[PDB]
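Since the structure comes first, as C-alpha cells, the remarks are kept for the end.
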Amino acid sequence: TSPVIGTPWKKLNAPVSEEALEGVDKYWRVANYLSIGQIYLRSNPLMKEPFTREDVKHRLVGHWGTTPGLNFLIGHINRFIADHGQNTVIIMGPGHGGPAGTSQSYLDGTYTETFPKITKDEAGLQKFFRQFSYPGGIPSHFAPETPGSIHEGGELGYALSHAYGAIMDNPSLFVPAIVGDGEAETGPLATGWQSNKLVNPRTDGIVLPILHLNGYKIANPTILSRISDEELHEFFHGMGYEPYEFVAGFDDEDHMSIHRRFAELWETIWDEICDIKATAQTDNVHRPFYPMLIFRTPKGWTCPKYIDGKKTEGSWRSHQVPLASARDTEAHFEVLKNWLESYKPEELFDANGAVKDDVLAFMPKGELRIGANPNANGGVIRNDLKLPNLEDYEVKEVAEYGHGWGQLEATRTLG
Amino acid sequence: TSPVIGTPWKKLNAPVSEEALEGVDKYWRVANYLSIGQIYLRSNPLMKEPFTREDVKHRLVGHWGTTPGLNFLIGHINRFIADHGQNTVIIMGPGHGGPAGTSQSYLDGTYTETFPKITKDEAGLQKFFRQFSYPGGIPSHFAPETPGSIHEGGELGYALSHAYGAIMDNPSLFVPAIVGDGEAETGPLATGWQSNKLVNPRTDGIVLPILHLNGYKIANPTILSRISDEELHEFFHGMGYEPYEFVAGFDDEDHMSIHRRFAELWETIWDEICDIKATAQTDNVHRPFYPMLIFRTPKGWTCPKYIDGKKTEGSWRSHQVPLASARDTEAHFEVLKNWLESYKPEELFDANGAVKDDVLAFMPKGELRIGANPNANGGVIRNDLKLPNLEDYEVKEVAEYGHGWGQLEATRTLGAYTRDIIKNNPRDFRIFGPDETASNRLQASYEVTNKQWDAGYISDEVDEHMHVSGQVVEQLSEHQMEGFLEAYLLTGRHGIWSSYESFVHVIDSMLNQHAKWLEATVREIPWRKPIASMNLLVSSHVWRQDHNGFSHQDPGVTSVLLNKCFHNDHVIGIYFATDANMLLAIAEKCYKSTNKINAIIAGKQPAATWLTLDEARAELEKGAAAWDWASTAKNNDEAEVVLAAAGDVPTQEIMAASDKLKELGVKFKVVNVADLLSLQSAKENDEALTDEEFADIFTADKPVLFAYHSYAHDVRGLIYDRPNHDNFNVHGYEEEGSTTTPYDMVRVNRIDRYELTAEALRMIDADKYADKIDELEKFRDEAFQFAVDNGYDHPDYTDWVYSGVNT
Ligand SMILES: Cc1ncc(C[n+]2csc(CCOP(=O)(O)OP(=O)(O)O)c2C)c(N)n1
Ligand SMILES: Cc1ncc(C[n+]2csc(CCOP(=O)(O)OP(=O)(O)O)c2C)c(N)n1
Ligand SMILES: [Ca+2]
Ligand SMILES: [Ca+2]
C-alpha cells in the first residue's frame, strides 16, 4: 500500500517569507539559464573569456516556450513542498518542457546522486548542458531517465488520467497536474477533467489541475485562451472545479511582485484543499468543488520580446526556440549572450561553477524532493500480491469427466 | 425572592486577554484529564512509574463522548463569569456527562469545600478518580450530590423547561442551557424551545440555549446534525431565537485559535444579551429574538481519532467509552497511556498532585462559582410564604346547617386562598396550568396578577387577564408546567400547578425523577437545603368526567406515586380533599411543606361540605377518622359494618348509602380517609397510623366497606399486613364509564349509594336482607333507565341531602 510521506494537508497559517520568494526568483532565473544552457551550449556553460559561437551546439534541439512557465510553477511548488512537508508528485503535461524537469533534478540534487559523473560544478555543468538532446546523452522530453517523472508528456492527453490514477488509494499524495492549453484540446484530456466524480477526498489523494494557459500550441492560439474568461470559468465550475486564475508577464510588473501574488494565491488554493481533506475525515459522501488553477502567462516568458522584428515572447514563435540559430550570424550570437546575461548568472554560480547556497536554501530535502519521492519510482513501493492458492479456483471436473467437458464461462473463474 | 448577585448584563468593552484564554485551554486540558481519570483509573492518578493495568478500573462506567464538549464550554463559561461578574447557573442537558460536573466542582474548589475527604493533592485526586461510578462512591450523572447541579439529565428532555423555570422572577440570572442533539429529539425538549413567549426580559432572567450538536446520540446520528444548516437556522429563528453557530475540532486548527474564535463569538452574543436587558428597562412589551448557540464539535473531542480501526472521535462509538478495556491487552493500556499524556498533565499538576495556580487564575471566586451559586442550591434562598389565615376561607355553613350542606365547588376555595398567597408573596409564587387554571376553578388569582404572555396581543374582547409579566403561566404541555415549576422550586421559589387527573399521567416519568432527586437528597445530601414542595392539584377527576368520557377517566397517578413511598423518605403526599374545608387544611400543610411532591385530589363539581375546618385539620393530622356524628354505632362492638370512603365522591355515595342503612335500622361506623399513606404498614412508614390506631378506626373484626377514589388495588396492597385487612371489601374505579350522568359513573363502577347499601347488607346478613338487596339492585337498573329516558338522573339520587342537614 502507498506510504504516508511527510506532513500532508498542513496549512502554513503564516504569510510566505520574503527570503523564500527571493529563493524562488533565483530558482526561476538559474532554471531558465540551465534550461537555455541545455538547448544552446555544447561547451563553456558559465560564459568565460572567450564565450563565442565555438561554445554553441550546431543543431538546436529542445522546446523553450513552455519551459519558463514550468520553471516558475516548479520553483513555486518546490517552495511549497519545503514549507509544508507535502508528499508531492507533479505531472508535466507539456513533456516537451524536459529542460524544466532535468534542471529541477540537477538543482534538487537527485541528478548528481543518480548520475554522479554530472557533478555540481563547471565541469558537470558543461557535461549537463551538452548531454541534453545530444547523441549518447539523455532525451529532450521529461523521460523516465529523469528523476521525478512518472509521465513523459510526449503523446499529449494523459496528464489528468495519470494524475487521478496516482491519487487512488494514495490519500497523502498531492499532484500538481500541469496541463498544456493545446493538450486540453485532446479527447483524452477533455474527459480527464470529469475524474473528480470517480475519486473520494478521504480514501484517494488530491489532484490540482494547473491549466498552463500560455495562449498558444505549435502554430496556433489555444481555444481555452481565446474564449471569454466568463466561459472559461463556467466550463470548469460545470466539471466540479473551483477555478482560480493568475495572469502575469503581460506588463512591466517586477518579478518579485509576481512571486508575491502567485505565492499568496497558491496558499489560498492550498487552504481550500486542506479544508476539503479535513472535511472528508467526517463527510466523504458529498463531492466538493476541487480547486483548479488557470495559469495565464506569455509563451516563452523572459525570452527576448522581439527577434528579427517578430513577436517571440507571448507568441507561438517561441514554442521550440525563439532564436533559430546563435551561430549563423554574430548579431544572433549577441542575442543569446544578452538573453543568458539577462538572468545575471554572475549572481547564481560561485567560482567553481556550483549553484550558490542562497539560490537552493528554500528547496526541500530527502524523499520530499520532486526527484527522490518514492511515488516517482513506484517500484520501490511495490510489494508482491498475497495471491490465493490457485487450486481453489481450478475447474476440477476435467480430471473426473475428462478433456472437453461442460458449458462454463471462463472469465467467471478469473472473476 | 431571588437575590441580585454579581454585576449583571455588563459588556466587557475590551477584548478577552491572551492570559485568560491560556487559562481556559488549561482548564479544558485538566478537566479532560480529571474526566478520563474518573472513568478509567482506580489508583496512581498522575501516572508516577510504574503506571500499569493494575491502576485501571475493572468495569468502565461513565460517558466520555459528550464530556470534552462540556469541558470546553464550562471552561469558557467560567472565564465569562469571572470577567463579567455574571450570576450564572448551567443546565447540563447531557447529564451522563457527570465527569464534567464533578471536574468543574473539583477545580472551582466547591468539591473539596463540600467533601473535605477529597483533597487538592495526589491522595485526594486518587479517591476522586476511584469514587466515580463505583460502589460506595458517587453517581455517573450530574446528580444532586454534585455542587452546581439542579438537573441530573438522567431522563433526557427537561433541560429547557428547567432552564426557563429558573430565570422566572430571577432578573439577574443568566442560564446557559446545554441541550443534547439527541435530547432535542424528545417531545419535552421540542416544546421547551417555545418558552421564550412565556418569559419577559425585564422581569425574568435570560436563557441561552446551547445545542451540543456533537452529531450523535448512543448508536445513531442526531436529526438536527443531519438536516441542512439552513433548515437548522430557520428552525431556531421560527421559534424566536437569533441563532449563532460555532464549528471547531473537525480540522487541525490549534486549540488557542479555537479558544480565541469562541471567546469573541461568546462576547458578541453576550453583548446582544446585554442590549436585550438594557432595552427591556425601557421597552418590555416587544419580544426580542433571544440568541441561542449551535455548538458543532466532534463527539469524543480529543480522544484517539481511531481505536482498533474504528472511527472513535466524531462517532457514536465515543458515547460511553471509546476504549472498551484498558486491562485486556498491553496495546489497549498503551492507548489509555498516550491519550492521558496528550493533555500534558506534567504542566497542569505540581509534584504534590495539586493543579498549578496558572490553570485556575482565570476562575471565578466565591458565590459566582458554578458550584457555589445559591441558585444551584435554592434551599439557601427559599423563604417561608407569608400565608393568609385559613379561617377566612372556611365554609362557615357546615357549622350553621350541619354536615352535608350545599352544592359548592371545592377548588374555588383553593383559588381564593392561592390568590391571596400570590398577593402577599409577589415574585415568590407561581401557578402553572396546561390551559386549565380557569377550568379547575383557580382563576380568583386573576384578581391580583395575570397570565404571563409575551406573544402578540390583538383585542380586549379576547385578551382577558393577560400581561407581559404575571405570576400565572399556561401552555398546553403538562411537561412544560411540571418543568417550569420544578426549576422554580429548585431556585428557591414556590407554586402550585393543576391538571385534569387523567392527564397527570403525561408527566408520570417527571414525577419519578423529581421523586428520585428528592429521595437521594433527604437520604445522603444534607448540604443541599430543602426546596418548596411540588404541589399538584388533581381535579376534574374520574367520577365527574361523565361529560368528557372514557379517555378522561384514569385516577391511576395514585398507583404511580405509591412506588416512591419507601425508606421513610416522606417525599410523597397523596391527599383526598373530602370538601372545601379538607382542601384548605391539605393546602396549608402542602404550602408549608418541603422536599415533597404533594398530589391533592379535589373535585370542581358542585358537592356537599362534610367537615368544618377544625374537623378537617383533625382528620388530616392522623390521616383518617371515624365520623361519630354520622355513625349509628356507638363503639366498634355495636357496629355491624364500617363504611369507609377516600375521595369527595366516594364520601358522597357512602354518606347516602349510610342514610338508607339508617332507615333499615342497621348499626354502622363511618370512616373518612384524607391521607392515603396513613394506611401504609406502620413497618414501612413511621408517619402511618399504628396497628392500634388502625384497628380503633376500622374495628379489627367487623367487615369494612371501603369506597376509594382510584383503583382498589392501591388499598388492597397498602393494608396487606394491617389488622382486620381480610374483612376489607374495597370498591374503586374499575375501567367502567363513558359520557353519561354522574350516577351512571358511580353505578357502572359498583360504587353508587345503592350498590354500597346492598354490599353492606350482603356483608351483615345476605339471607336476612335478601329482598331489600334485591329491591336495591332492581332500583339500580331503574335509575339508569330513568337517565337513558330523561337525560338527567332519577330525583332520588339528584335531590338526596344528608339527613343531618336542617332547612
Ligand atoms: C497527441 C499529440 N498530438 C500532437 C503532438 C505534437 N505536439 C507536441 S507539443 C504540441 C503543442 C502543444 O501545445 P501545448 O499543450 O499548448 O504546450 P506548450 O504551449 O506548453 O508548449 C504538439 C501539437 C503530441 N505531442 N501529441
Ligand atoms: C427520556 C430518555 N430516553 C432515553 C434515554 C437513554 N439515553 C441516555 S443517553 C442517550 C443519548 C443522548 O444523546 P445526546 O442528547 O445527543 O447526548 P451526548 O451526545 O451529548 O452524549 C439515550 C438514548 C434517556 N436517558 N432518557
Ligand atoms: Ca500552450
Ligand atoms: Ca449528542
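Indexing begins at 1, ligand by ligand and atom by atom, following the structure's order. Side-chain atoms are counted along with the backbone in the values below, which use heavy atoms only and exclude waters and symmetry mates. The sequence lines fix the lettering, A, B, ..., with proteins before strands; numbering per chain opens at 1.
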Discussion item. Checking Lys564(B) against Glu519(B) for the salt bridge (charged side-chain N to carboxylate O under 4.0 Å, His left out) test, could you report, in this order, the C-alpha distance in whole Å, the side-chain angles of both residues, the deciding distance, and whether it holds?
Written reply: CA-CA 8 Å; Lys564(B) 297 300 174 294; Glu519(B) 280 171 353; 5.6 Å; no

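- As for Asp181(B), its N/O/S atom nearest the Ca ion (ligand 4) is the one called OD1.
- Put simply, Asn214(A) gets within reach of the Ca ion (ligand 3), with an N, O or S atom under 3.0 Å from it.
- Less than 4.0 angstrom separates some heavy atom of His319(B) from each of these atoms of ligand 2: 21 (O).
- Regarding atom 20 (O) of ligand 2, its nearest protein heavy-atom neighbour is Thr66(B) OG1, 2.5 Å.
- Here the options are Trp266(B), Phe295(B), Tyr27(B), the test is ring-ring contact (aromatic ring centres under 6.0 Å, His included), and the partner is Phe72(B); only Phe295(B) passes.
- For atom 23 (C) of ligand 2, a protein heavy-atom neighbour is found at a distance under 4.0 Å.
- Atom 25 (N) of ligand 2 has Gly154(B) O, 2.8 Å as its closest protein atom, hydrogens excluded (heavy atom only).
- Closest to atom 26 (N) of ligand 2 among all protein heavy atoms lies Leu156(B) N, 3.1 Å.
- Proximity of a side-chain donor or acceptor of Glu486(B) to a complementary backbone N or O of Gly483(B) within less than 3.5 Å is not detected.
- For a distance bound of 3.0 Å, the N, O or S atoms of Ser225(A) include none lying that close to the Ca ion (ligand 3).
- Regarding atom 14 (P) of ligand 2, its nearest protein heavy-atom neighbour is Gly182(B) N, 3.5 Å.
- The aromatic ring centroids of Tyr33(B) and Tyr343(B) lie 6.0 Å or more from each other.
- When only non-hydrogen protein atoms are considered, atom 21 (O) of ligand 2 lies nearest to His96(B) NE2, 2.5 Å.
- In this structure, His76(B) and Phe262(B) have tilted ring planes: the angle between them lies in the 30° to 60° band.
- Ranking the protein heavy atoms by distance from atom 6 (C) of ligand 2 puts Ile218(B) CD1, 4.3 Å first.
- With 3.0 Å as the limit, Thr222(B) does not count as an N, O or S neighbour of the Ca ion (ligand 4).
- Interface of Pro94(B) with ligand 2, defined as ligand atoms under 4.0 Å from a residue heavy atom, comprises 20 (O).
- Around NZ of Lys516(B), the count of heavy atoms belonging to other residues, nucleotides or ligands within 6.0 Å does not exceed 12.
- In this structure, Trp301(A) has its ring center closer than 6.0 angstrom to the ring center of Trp28(A).
- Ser149(B) contributes no side-chain N or O that, together with a main-chain N or O of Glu145(B), makes up a donor-acceptor pair within less than 3.5 Å.
- Residue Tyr306(A) qualifies as open at atom OH: its count of foreign heavy atoms under 6.0 Å is 12 or below.
- Residue, atom and distance of the protein heavy atom nearest to atom 15 (O) of ligand 2 are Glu183(B) N, 2.8 Å.
- The backbone N or O of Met510(B) lies less than 3.5 Å from no partner atom in the side chain of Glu482(B), so there is not a single donor-acceptor pair.
- Between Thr186(B) and ligand 2, no N or O atom pair is found at a separation short of 3.5 Å.
- Heavy-atom proximity to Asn214(B), at under 4.0 Å, picks out these atoms of ligand 2: 18 (P), 19 (O), 20 (O).
- Looking only at protein heavy atoms, the nearest one to atom 19 (O) of ligand 2 is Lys299(B) NZ, 2.6 Å.
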